[PDB]
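Undergrad: As given, the protein sequences belong to chains A and B, one line each in that order. For the first sequence, this note's numbering assigns the number 1 to the initial residue and increments by one for each residue that follows. For the second sequence, this note's numbering assigns the number 220 to the initial residue and increments by one for each residue that follows.
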Amino acid sequence: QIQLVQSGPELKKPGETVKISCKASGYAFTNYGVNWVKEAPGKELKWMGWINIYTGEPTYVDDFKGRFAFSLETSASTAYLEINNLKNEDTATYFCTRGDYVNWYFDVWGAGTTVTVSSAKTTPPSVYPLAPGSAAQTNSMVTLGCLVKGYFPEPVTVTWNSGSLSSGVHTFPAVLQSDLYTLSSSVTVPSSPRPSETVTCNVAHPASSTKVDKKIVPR
Amino acid sequence: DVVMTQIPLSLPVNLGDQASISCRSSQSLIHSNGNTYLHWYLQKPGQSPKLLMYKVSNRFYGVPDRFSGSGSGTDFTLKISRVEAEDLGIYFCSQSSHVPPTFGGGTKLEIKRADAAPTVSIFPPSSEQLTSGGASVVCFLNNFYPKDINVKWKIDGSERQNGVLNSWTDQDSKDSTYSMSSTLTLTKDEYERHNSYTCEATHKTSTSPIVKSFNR
Ligand SMILES: CC(=O)[C@H]1CC[C@H]2[C@@H]3CC[C@H]4C[C@@H](OC(=O)CCC(=O)O)CC[C@]4(C)[C@H]3CC[C@]12C
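1) According to the Cβ coordinates, are residue 464 of chain B and B/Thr326 closer than 9 angstroms?
2) Confirm, please, whether the CB-CB distance from B/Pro320 to A/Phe29 is below 9 angstroms.
3) Which residues share a DSSP beta bridge with A/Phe64?
4) Tell me the residue span of the alpha helix (DSSP H) that contains B/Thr350.
5) So, A/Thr97 versus A/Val108, is the Cβ gap smaller than 9 angstroms?
6) Comparing the C-beta of B/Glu347 with each C-beta of chain A, is any distance below 9 angstroms?
7) What does B/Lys274 reach in chain A if we use C-beta pairs closer than 7 angstroms?
8) Within the same chain, show all residues whose beta-carbon is closer than 7 angstroms to that of A/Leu130, passing over the 5 residues directly before and after it, in chain order.
9) In or out: B/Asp408 buried (at least 16 other Cβ within 10 Å) or exposed?
10) Counting contacts by CB-CB distance shorter than 9 angstroms, is A/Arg67 in contact with chain B?
11) For chain B, check one thing: does any of its Cβ atoms lie closer than 9 angstroms to the Cβ of A/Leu86?
12) Hey, out of A/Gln6, A/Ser119, A/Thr91, whose CA is closest to A/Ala79's CA?
13) Which chain A residues are close to B/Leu270, counting only those with a beta carbon under 9 angstroms from its beta carbon?
14) For B/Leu384, return the contacting residues in chain A, with the cut-off set at a CB-CB distance below 9 angstroms.
15) Indicate whether at least one CB of chain B lies closer than 9 angstroms to the CB of A/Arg194.
16) Reducing DSSP to helix, strand and coil, say where A/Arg194 ends up.
17) Residues of chain A with CB closer than 8 angstroms to the CB of B/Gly288, please, in chain order.
18) Is there at least one Cβ from chain A nearer than 9 angstroms to B/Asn381's Cβ?
19) What residue ranges within the stretch 62-122 of chain A form continuous beta strand (DSSP E) runs of no fewer than 3 residues, ordered along the chain?
20) Would you mind listing the beta strand (DSSP E) stretches within the stretch 306-337 of chain B that are 3+ residues and don't spill past its ends, in chain order?
21) Take B/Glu329 as the anchor and find which of B/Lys371, B/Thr296, B/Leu228 has the nearest alpha-carbon.
22) Quick check on A/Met141: buried or exposed, where buried means 16 or more other Cβ atoms within 10 Å of its Cβ?
23) Excluding the 5 residues preceding and the 5 following A/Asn161 in the sequence, name in chain order all residues of the same chain whose CB lies nearer than 7 angstroms to its CB.
24) Since B/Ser239 and B/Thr296 are thought to touch, with beta carbons under 8 angstroms apart, how far apart are those beta carbons, to the nearest angstrom?
25) Mind listing which residues of the stretch 333-364 of chain B have their C-beta closer than 7 angstroms to chain A's C-betas, in chain order?
26) Would you kindly work out how many angstroms separate the C-alpha atoms of B/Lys331 and B/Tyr364, rounded to a whole number?
27) Report the rounded CA-to-CA distance for B/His258 versus A/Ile83, giving the unit in angstroms.
28) Helix, strand or coil for A/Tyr27, going by three-state DSSP, please let me know.
29) Any beta-carbon of chain B closer than 9 angstroms to the one on A/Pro129?
30) Leaving out the 5 sequence neighbours to the left and right, which residues in its chain are closer than 6 angstroms to B/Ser241 when beta-carbon positions are compared?
31) For A/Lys149, collect the residues of the same chain with a Cβ closer than 7 angstroms to its Cβ; drop the 5 residues on either side in sequence, then sort them by chain order.
32) Applying a beta-carbon distance threshold of less than 9 angstroms, which residues of chain A neighbour B/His258?
33) Mind checking B/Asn254: buried by the 16 CB within 10 Å criterion, or exposed?
34) Less than 7 angstroms between C-beta atoms, sequence neighbours within five positions excluded: which residues of the same chain meet that for A/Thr157?
35) With a threshold of 8 angstroms (Cβ to nearest heavy atom), would A/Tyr80 be considered close to ligand 1?
36) On the premise that B/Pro268 lies in contact with B/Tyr260, defined as a C-beta separation below 8 angstroms, what is that separation, rounded to the nearest angstrom?
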């Protein structure tokens with residue numbers, strides 16, 4: 001197949017440096033530019049600059065002047081983007097694309113490489129249970145939920161009853177509080193199951209090799 | 220920078236229909252060379268963008284003739300004849316005529332369903348957290364459509380704006396609805412200063428608010 005193959009996900013503190021690898025194969029490397037694209041949370045897809053295989057030299061869009069450096073090692077077909085002195089604002093996913101000299105489009109995109117910048121150290125989460133505080137059948141249904149709070153880095157995996165409960169499960173996306181992650185999940189079951197029968201959430205944080213099981217006990 | 224502004228942000232297409240995305244430029248995309256370089260990408264969930272069509276109206280290799288393009292000078296319009304599940308995801312129009320190629324907007328194709336109101340649940344701080352001095356109140360606004368919902372946290376009646384944290388789930392694969400949690404976290408002392416904590420959900424589908432409370 002013909003593609004640009006990029007490096008793996010980086011986790012860096014501030015003031016570090018990252019060198020993303022964009023290795024081309026299958027196509028004639030010299031006759032296409034390699035373009036770079038920054039994707040930031042919520043922010044737009046922002047064209048960062050370009051690299052000319054022909055002549056070597058590289059063109060930077062103002063925003064990415066100087067700290068971002070476009071390298072290249074042609075024999076080896078790899079292209080490079082390096083960020084030095086990572087500010088916390090560089091957390092994004094970087095794409096390298098094959099730029100075409102005639103129709104000026106970007107047709108072969110790389111899989112992307114995510115830089116996550118943070119001064120947080122690995123931390124286990126705190127799995128709190130959240131049982132009703134006594135509400136009634138809305139219409140014969142109950143909803144419990146766990147609150148996985150305070151972790152780093154992402155991700156955390158949450159299962160109810162070890163995979164048995166899929167439907168009604170709504171694991172909400174991790175959000176941030178002072179460098180650390182806080183995330184929640186909710187499961188909804190018929191009034192008959194709880195408390196006749198046990199519901200539990202299994203919270204695993206591979207980053208710190210911790211699995212926690214908090215059994216939702218009534219209130 | 221030619222700023223592309225396209226809307227709507229979310230297009231609740233009804234699978235099978237013709238859908239139209241439109242996009243507009245803050246400049247003419249007409250080059251000295253006498254051509255327009257407006258291109259169209261499609262990015263399916265958690266993935267790389269794909270070239271869909273180039274120079275306003277040319278289908279890139281692969282794009283079935285269900286996709287059609289159009290426009291000139293400054294307004295453009297990508298059009299899908301009869302939508303198909305395979306082609307849902309966000310859509311981006313980038314132009315490569317001026318420097319720089321700006322990407323703007325982002326129109327996501329989502330599914331359309333009967334309006335749903337939210338199964339709003341509310342939960343008080345579990346012993347465990349109180350014992351560590353934290354206090355997290357959790358309101359689960361569940362299983363509803365349309366996607367927008369306005370949440371209010373009244374603590375003793377007086378609204379709170381800070382200490383909040385919302386998180387949504389994009390359209391549920393098998394029931395076309397959305398869900399969101401609102402997590403008002405405050406210190407235990409701020410907490411036991413008062414009784415009464417209530418969640419407020421003002422949504423399309425309802426006459427008056429949806430309120431939920433527990434009295435500490
Ligand atoms: C091979 C490759 O990488 C391709 C992919 C996208 C292409 C670039 C896209 C933007 C246009 C802008 C053009 O406009 C102008 O004539 C200048 C005036 C203006 O911008 O309005 C001049 C060349 C460039 C910069 C292109 C050069 C080659 C590129 C980089």
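Each residue gets a CB set at the ideal place from its N, CA and C atoms; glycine is no exception.
TA: Taking the structure as given:
1) Given that chain B is displayed from residue 220 to residue 435, the structure contains no residue 464 of chain B and the question cannot be resolved.
2) Numbered from 1 along the first sequence, position 29 holds the residue referred to as residue 29 of chain A. Numbered from 1 along the second sequence, position 101 holds the residue referred to as residue 320 of chain B. Contact: no.
3) Looking up residue 64 of chain A in the first sequence gives position 64. Answer is none; A/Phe64 lacks a bridge partner.
4) On the second sequence, position 131 is the one that residue 350 of chain B refers to. From DSSP, the alpha helix (DSSP H) with B/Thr350 extends over 346-350.
5) Here residue 97 of chain A is taken as the residue at index 97 of the first sequence, counted from 1. Here residue 108 of chain A is taken as the residue at index 108 of the first sequence, counted from 1. Their beta carbons are under 9 angstroms apart, which means A/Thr97 touches A/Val108 by this criterion.
6) For the purposes of this step, residue 347 of chain B is identified with residue 128 of the second sequence, where counting begins at 1. Answer yes: the Cβ-Cβ gap between B/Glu347 and chain A drops below 9 angstroms somewhere.
7) By 1-based counting over the second sequence, the position of residue 274 of chain B is 55. Simply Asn103.
8) Along the first sequence, one-based indexing puts residue 130 of chain A at 130. The beta carbon of A/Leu130 is closer than 7 angstroms to those of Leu144, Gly145, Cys146, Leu147 in its chain, skipping five residues each way along the sequence.
9) The residue you call residue 408 of chain B lines up with position 189 of the second sequence. The residue is exposed, with fewer than 16 neighbouring Cβ atoms inside 10 Å.
10) Position 67 of the first sequence, counting from 1, holds the residue named residue 67 of chain A. A/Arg67 does not count as touching chain B.
11) For the purposes of this step, residue 86 of chain A is taken as the residue at position 86 of the first sequence. Answer no: the Cβ-Cβ gap between A/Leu86 and chain B never drops below 9 angstroms.
12) Taking the first sequence and counting its residues from 1, the one referred to as residue 79 of chain A is at position 79. Measuring from the Cα of A/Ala79, the nearest candidate turns out to be A/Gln6.
13) If you number the second sequence from 1, residue 270 of chain B lands on position 51. Ordered by position in chain A, the residues that pass the 9 angstroms Cβ test against B/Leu270 are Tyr105, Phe106, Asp107, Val108, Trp109.
14) If you number the second sequence from 1, residue 384 of chain B lands on position 165. Simply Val175, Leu176, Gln177, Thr182.
15) As a first step, residue 194 of chain A is located in the first sequence; it is residue number 194 there, counting from the start. Chain B contact via Cβ: absent.
16) Here the question's residue 194 of chain A lines up with position 194 in the first sequence. Correct three-state label for A/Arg194: helix.
17) Taking the first residue of the second sequence as 1, we reach residue 288 of chain B at position 69. Simply none; closest approach about 13 angstroms.
18) On the second sequence, residue 381 of chain B is found 162 positions in, with the first residue counted as 1. With 9 angstroms as the cut-off, B/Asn381 does not count as an interface residue toward chain A.
19) Complete beta strand (DSSP E) runs here, min 3: 68-73, 78-84, 92-99, 106-109, 113-117.
20) As far as the stretch 306-337 of chain B is concerned, its whole beta strand (DSSP E) runs of at least 3 residues are 309-314, 321-330.
21) Taking the first residue of the second sequence as 1, we reach residue 329 of chain B at position 110. With distances taken between Cα atoms, B/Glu329 lies closest to B/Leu228.
22) The residue given as residue 141 of chain A occupies position 141 in the first sequence. Exposed, since its Cβ has fewer than 16 Cβ neighbours within 10 Å.
23) Position 161 of the first sequence holds residue 161 of chain A. Excluding residues within five positions, the ones whose Cβ falls inside 7 angstroms are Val199, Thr200.
24) As a first step, residue 239 of chain B is located in the second sequence; it is residue number 20 there, counting from the start. As a first step, residue 296 of chain B is located in the second sequence; it is residue number 77 there, counting from the start. The pair is a contact, with the Cβ atoms about 6 angstroms apart (cut-off 8 angstroms).
25) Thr338, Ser340, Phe342, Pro343, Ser345, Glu347, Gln348, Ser355, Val357, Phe359, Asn361
26) In the second sequence, the residue the question calls residue 331 of chain B occupies position 112. In the second sequence, the residue the question calls residue 364 of chain B occupies position 145. Inter-residue distance for B/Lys331 and B/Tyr364 is about 9 angstroms (C-alpha atoms, whole angstroms).
27) Counting from 1 along the second sequence, the entry for residue 258 of chain B is found at position 39. Counting from 1 along the first sequence, the entry for residue 83 of chain A is found at position 83. C-alpha separation (whole angstroms): 29 angstroms.
28) Residue numbering aside, residue 27 of chain A sits at position 27 when the first sequence is read from its first letter. Looking at A/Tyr27 - three-state DSSP - the assignment turns out to be coil, as it is neither helix nor strand.
29) For the purposes of this step, residue 129 of chain A is taken as residue 129 along the first sequence, with counting starting at 1. Yes, contact with chain B.
30) Along the second sequence, read from residue 1 onward, the residue named residue 241 of chain B stands at position 22. Excluding residues within five positions, the ones whose Cβ falls inside 6 angstroms are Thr296.
31) Working through the first sequence from its first residue, we reach residue 149 of chain A at position 149. Cβ neighbours of A/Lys149 beyond the five flanking positions: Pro125, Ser126, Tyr128, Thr182.
32) In the second sequence, the residue the question calls residue 258 of chain B occupies position 39. Within chain A, the residues near B/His258 are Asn103, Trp104, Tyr105, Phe106.
33) The count along the second sequence starts at 1 and reaches residue 254 of chain B at position 35. Exposed: under 16 other Cβ atoms inside 10 Å.
34) In the first sequence, the residue the question calls residue 157 of chain A occupies position 157. Only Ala204 meet the Cβ criterion.
35) To locate residue 80 of chain A, count along the first sequence from 1; it is residue 80. Result no, Cβ not under 8 angstroms from ligand 1.
36) Position 41 of the second sequence holds residue 260 of chain B. Position 49 of the second sequence holds residue 268 of chain B. Right, their Cβ atoms sit about 4 angstroms apart.
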